[PDB]
Amino acid sequence: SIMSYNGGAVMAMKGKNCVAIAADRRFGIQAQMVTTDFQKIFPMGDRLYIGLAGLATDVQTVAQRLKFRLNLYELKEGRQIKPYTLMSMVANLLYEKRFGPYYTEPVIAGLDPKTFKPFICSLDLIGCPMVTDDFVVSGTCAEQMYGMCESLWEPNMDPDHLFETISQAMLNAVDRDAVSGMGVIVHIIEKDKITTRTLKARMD
Amino acid sequence: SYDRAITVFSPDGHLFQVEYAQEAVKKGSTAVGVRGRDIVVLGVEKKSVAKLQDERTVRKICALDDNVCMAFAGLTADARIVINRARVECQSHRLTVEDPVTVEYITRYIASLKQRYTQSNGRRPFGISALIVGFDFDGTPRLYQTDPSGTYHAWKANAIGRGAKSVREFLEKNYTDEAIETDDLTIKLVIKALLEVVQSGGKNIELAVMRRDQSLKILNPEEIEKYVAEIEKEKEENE
Amino acid sequence: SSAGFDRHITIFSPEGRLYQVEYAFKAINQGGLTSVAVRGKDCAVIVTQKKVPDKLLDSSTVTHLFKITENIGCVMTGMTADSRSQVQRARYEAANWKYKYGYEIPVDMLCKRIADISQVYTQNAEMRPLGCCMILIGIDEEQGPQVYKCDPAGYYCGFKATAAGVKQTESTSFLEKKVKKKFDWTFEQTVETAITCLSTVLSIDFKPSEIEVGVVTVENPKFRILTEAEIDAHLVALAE
Amino acid sequence: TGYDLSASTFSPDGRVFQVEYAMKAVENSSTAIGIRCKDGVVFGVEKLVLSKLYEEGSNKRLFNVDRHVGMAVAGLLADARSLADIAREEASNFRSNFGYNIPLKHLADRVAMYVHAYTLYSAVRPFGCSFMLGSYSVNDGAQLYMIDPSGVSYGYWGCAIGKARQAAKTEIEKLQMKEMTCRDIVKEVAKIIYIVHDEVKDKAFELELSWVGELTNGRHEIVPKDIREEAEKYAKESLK
Amino acid sequence: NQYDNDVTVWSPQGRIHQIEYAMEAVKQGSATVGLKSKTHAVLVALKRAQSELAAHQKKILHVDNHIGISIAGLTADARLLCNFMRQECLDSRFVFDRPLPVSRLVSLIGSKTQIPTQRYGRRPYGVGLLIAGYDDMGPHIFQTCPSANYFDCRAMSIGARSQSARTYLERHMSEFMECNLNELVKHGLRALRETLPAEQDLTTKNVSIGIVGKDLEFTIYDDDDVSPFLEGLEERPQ
Amino acid sequence: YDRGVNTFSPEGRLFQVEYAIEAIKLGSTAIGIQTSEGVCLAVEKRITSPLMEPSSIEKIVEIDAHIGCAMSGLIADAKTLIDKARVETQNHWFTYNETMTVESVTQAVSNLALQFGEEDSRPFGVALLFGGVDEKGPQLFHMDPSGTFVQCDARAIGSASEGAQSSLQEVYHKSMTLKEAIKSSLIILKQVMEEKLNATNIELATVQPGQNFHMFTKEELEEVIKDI
Amino acid sequence: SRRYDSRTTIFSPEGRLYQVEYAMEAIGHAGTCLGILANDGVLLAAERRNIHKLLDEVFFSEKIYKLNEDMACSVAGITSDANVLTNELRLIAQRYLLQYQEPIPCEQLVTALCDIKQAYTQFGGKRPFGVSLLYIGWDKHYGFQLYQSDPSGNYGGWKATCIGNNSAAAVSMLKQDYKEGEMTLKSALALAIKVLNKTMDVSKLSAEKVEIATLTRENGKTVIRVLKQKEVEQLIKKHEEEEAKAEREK
Amino acid sequence: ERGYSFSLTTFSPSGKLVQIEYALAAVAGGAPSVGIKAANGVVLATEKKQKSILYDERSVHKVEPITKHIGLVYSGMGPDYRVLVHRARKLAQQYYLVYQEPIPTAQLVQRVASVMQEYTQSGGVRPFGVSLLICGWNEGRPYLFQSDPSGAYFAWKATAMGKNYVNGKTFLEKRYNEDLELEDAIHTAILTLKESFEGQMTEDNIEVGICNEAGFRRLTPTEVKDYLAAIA
């Protein structure tokens, strides 16, 4: 298919007063890797990230049109954007190409800036937003990632056990996929600091 | 769409907006250019420095290509948009016919851009004149100028701006064959010419030479201090 | 008081005035004509005169009463050529309300769309702002009858008794003394108090061939024009 | 002055002079009268012979808009046949969209709004023509309308446009057009345009008549030659 | 005068002066005379020059095989209508495959030239077309004017000093509907000798004759073939 | 105070068309002579300064291989009309595979000459001469700012126009030769110009039936000057 | 229609053009802004005009507008025309960043706006902008920069410039007290309060009558800091302490 | 047809845009209106006198809502007001169709004033003849803004527009402080409109709208008579 042309996997998971996001590192064309440091998670202000998965053009294209509209928002207004507001901004951006659609599926994760409350959502390729309270996934290996998160997620998790759950959810689901792998990067954010770790995965 | 005839004829056959624009040229600063047989030399005067500004942003000698320099006078707002349209045309020539742009070709682009712009609807004409100087292929140094009505016109030596009649009357009594003998001797013609203009005693002059193979090379105010010493020293002893 | 071309086009005077609009209010008065509209308890009556100077002219084509929609009628004052063009807009704007929104247009929303169009003429410096006035009547649910006036400046308001034309100020001085004694108003009383308005201002004591009366009522909300026979019924009952 | 150059400026007392100046150009065209009989409309145009060099039948001031509608003009002839083109074109779009022949209360409404649209802007001038429209239908009877350069239209039992307008419609009301058929009318149309334009101002002139009704089976056409020779036999009996 | 600047502005008397000033442009061009018989239509022009070595400015143009025109005014506006004139004749011949009738052609010209006489910043066409042609109804002589008011006529004359040519045609038009092509032309040639000063008349280099004919395609005669027509005229009586 | 650009006179002509006729009395003078052997065609340059390069200016320019030109009045807007004439002769060659005649070049330019207005802005202030050899022999035409063109035999255009046209009517006859028509024109230019006549103030160009458009240069030109 | 046209684009018979010189006459009054730099950092000192006792004092500044992530501008003149120019070059910097994925150099942002501003002086039959404005910023090619725009459309680099009501009084004093490349960002702050002490006719330098913003380079920050009204008045009196000593000892 | 496409607002030789100066004179000849924010909500008040007893005062309204939480009054001429109300009604909707959030009151004034500046420069138009007062409670803190026909805007604590506005602003300076309730601000806003009204100030001669954290609303004439009672 078109989504399986480059592969990819993005997972977000909600914790107690924190939220983690993870993605793979492989860039490739249908059978053949090219590099293992392809960026798929982009910062949108402090304590608010976005992950993109799908066609590798629209990963780099939408992440630049969205940054274009975001800086004009935060200069016309005097404040940073709420996590709920960005979801309506992306859903506008994808729906304008209703018949010329971008082949990507965004995943948004971040904390609310005033009252530090987590927020996760995901969108299809024409912008149907879906907010949840436990986890959202996007990419080619979606069904493998549902078997992980339905069996491993707990309601109230400190950032230590939140890291261990989203790591074991990614290292086993991506290992079962063929066109996704070659490393996993994990961002875990919270109101005081922010933490980026890279996992020891199979380069197989 | 503003449709109105700006430039119309007079009852005795003149275009008033054209010759009103020639007086906007007649109070811009003086720019002088001569050509030698191997190195051209043009240089503006009346830099009018205020010792609190960046010296590079005030420049009026710019380059259209490696081989083509350009000086101007008049009002600087209309100047740097004629330049930026000329940079596009001399670049699109290279996508066509493979040789670089001859210096005669780019003046026909500027003058034809400047003419039809005194012909359209709702447009005042440009208020600049130019000096285009370049040594083309096969090493033939030559220069041109551009009237605001759009008449390209070649020269051996010329001067535009405020105080251009006195300098041109100075060059006709001074442009000999042996004045372009040496490369350092043609520069002594220009610095003697601009000193016979609005004062510019070594502090307001900015020459820019081109030796037919390099780019433009601005000498800093140390050799101009060295040249103005010896230009007065020969005048110190003969009279 | 004047500077520039402010006498000629719609720009501001130094005093803040603008003269091309207030030159156009007294273009209404060149018709030599006056209309009176009175709202009742369950009805609304427009009365206006007509001046037929020739026997060669067809007396059935000089009506200033116009049927805008099936439930909304209007009377026109001012010059004739601009008045009939404005009726063409109101018939058109009412049909687009029914097509877009699926129900009958209220009479105040129609008067708002007319005044917004007339605002643009005094807003651009190119057009001439249509020196004619506009009076509408109609029945609105949970509001009863209601009357609206639109002038060529773009202003509008709902009234209880209305005059427009040459004898406008003398008629409004008559009607405000009539309404503030707070008599109740039946159907025949509003017709009687609207004929006797311009019958005493103009001092004519006419016969039924010079006036024309449109009416709407909450038992038959159709805008209907009275016959000369039944105008004569009201007219002979007025002389007791 | 300065208030009378454009058609977009009111006067300081509130009237447009560019329309009134264009009305003054109508009273240099000669005379065009038209009265309607019991069962039809008869036009009539007296036509100046400017020089001997022109041809009998040149430059007709009496047009033919639709199969049943007629037009007689008086004004600046280049503007007259320009209005005759759009009126002829308006009747074509009625039939192509609605299927049947256009009625006169709608046809004169569509043309007069087109005339009115040139009295609003500085970019155009008003027309310099006044004209008449007449027709006959079996479901409607005869109709007779008239349009001034301002854009005002009314119905008539008989009207007149040209130099001597009042001097022509003085004698029209001497007739009894309510009962006469359109045969005796043709002699009476020609007679009242013989008593006008004395032989001092004009040397010679030309009669031009038109004719519509059920005697013409609803179609508009010119009179035959023999009937208008009877009216020119009825010429020199007005000297008694 | 402030009422004398634009075509839009009416006069307080009701006479637009910009139309009336374009009538002065047709009075500056040289004269030409058209007339018709029962079966023929002849128009005769009078050329001018600037110096004796420059050629003479031609005036009679070929529109179609049965239509020819004659111009008076500024020639650049004449070619602007002539190219419109040729175009409207051959597309009707392209669609209906028939010659376009003359009286229906001129109604297109009157609608074409009326449009710039009502807009803003648009001049009238200063030109003086005399039109000669064939319908199925025989010959036709038409004239136009910059006021977009075309006239059906049987003999006219327009240009500089044309009033003397009209006085000749009024006292001889009883004879025009009978004669053949030979003295039909030299009736019209006696009109052009009326509109001249009293020393030079018709020296075979300033005159041109066009005829459309009942079995004859429209034909222009110039300065050599004029000489059969031009001979046989008497001397100017004085 | 301000009329439009499109206004008739009360005398009836126009204003700015008539004003542009005044503008071509300021240009340099130009003389062309039609001879049955061929068309000779000359001009002066009006050199202003000693420092000026003389050959950079030109008035004679060619349109095709068999059609030359000569301009006067303003120069900067003459280059627009020359470029339209060059493209017009190539479109005629492209579709018809022949050479456009000298007359039909001129009316293609003259239709362009009166097209200013306030839709889709002033008339052109130039005056042109067209020398060429088509299949009817050598031709010579002269257009106007008004868009009027006519065939001439010996036309003089410029600031010294009426002074030269008087002296040109007395020397011309219909049986000239091209070798003496060249010599006859330089006598007229010698009288009317300011400076003394040399090989740099003027230039010539001739077109013959045999060869194509030929322009003289500073070697074969001064033999006519020294043998004037 | 051509009788009502005002012809805001044509020349004058003396050669110049009137319409922007009237706008540069209006730029003389109504405001005072100045800038200075010699080292790490560059400052904008602006003087507030409306000092009425009933205002909210919000929107983080009054005449200072953050344009990019690492440059800002001070404005003067017609304030309604100012808001349209600000959000016009604000997205010129973003469409540069969309195209090249790199922050814009400070000089060629000025040239992009000054081509838009020049076009209204040249065709269209349009009123020009009566707005002149400063530019501070940082880039990797030349570091700290300082520019000035004009309603005619020509710009220039500078080291110290005022466009106040007595700007010519200020510039004559700026080139009496300066040093090329040695005025660090405390002496520049001390020199800024001295200059607007003079050009402001309202004496004693009320701390709410001025606005000061600095642009200092932190490693990946380029901190643009509008300094608050608690450290202005200590800098005011610091000028006031030394001037009593410098006068009495002379 | 088409337009004019040339600005009829030019610079004077003294450097003043004259048409904007004349448009402010039309604002000063309007009906008086005051507006006060006090620590939990904003009070807008205007002054509405019908010319005679024949008018129906409950037909048109000066105080207009823009959204759930933004109200707007004016002081200028009538028909120019209804244009930029309908424009401001739409601008709140294109913000909401993008961001799914009610528009902040600061961002509305960014976009209404940008219309009026664009309208005082373009070809063939005269500027508007109204000033505005815009209220709203976005994110707890209330707001009060004022635009002008030039296109600028300000942030007021309390102000007055219309006739005798220079006397109203001196009156508010001696009365307003930082600490008032909403119903205390109502009593001092009727007290400042009484400085320039006619003899009788009934329940239909004025029109008052308020904001809370509950949103913008407009007072019915019942409780307007209650506030008008126990006044002065």
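A few notes on this one:
The first chain written gets the first letter, and so on, giving A, B, C, D, E, F, G and H; residue counts start at 1 in each chain.
Everything below uses one rule, namely that a contact is a pair of C-beta atoms (placed from the backbone, for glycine too) under 8 Å apart; a residue touches a chain by one contact, two chains touch by 3 or more.
Across A-H and D-E, the chain pair carrying more C-beta contacts is D-E. Comparing the CA-atom centres of all chains against that of chain D, the greatest distance is found for A. Rounded to a whole number, the gap between the C-alpha centres of chain B and chain D is 73 angstrom.
With centres defined as mean CA coordinates, chain C is found 66 Å away from chain A. Centres computed as Cα averages put chain B at a distance of 32 Å from chain F.
Residue positions of chain H touching 2 or more other chains: 1, 4-6, 8, 106, 110, 123.
Listed for chain B are residues 2-4, 6, each touching two or more other chains. Counting partners per residue, chain A has 76, 78 as the residues that reach two or more other chains.
Considering their complex, residues 4-6, 17-18, 21-25, 27-28, 49-55, 57, 74-77, 79-80, 121-124, 126 of chain E touch chain F.
Against chain D, the residues of chain E that register as touching in their complex are 2-3, 7-16, 107, 110-111, 114, 117-120, 147-156, 166, 169-170, 173. Chain A meets chain G in the complex at residues 64-65, 67-68, 71-72, 75-76, 78. The part of chain D that touches chain C in the complex is made up of residues 2-3, 6-16, 109, 112-113, 116, 119-122, 144, 150-152, 154-159, 169, 172-173. Within the complex, the chain F residues that touch chain E are 3-4, 6-13, 107, 110-111, 113-114, 117-118, 142, 146-148, 150-155, 165, 169, 172.
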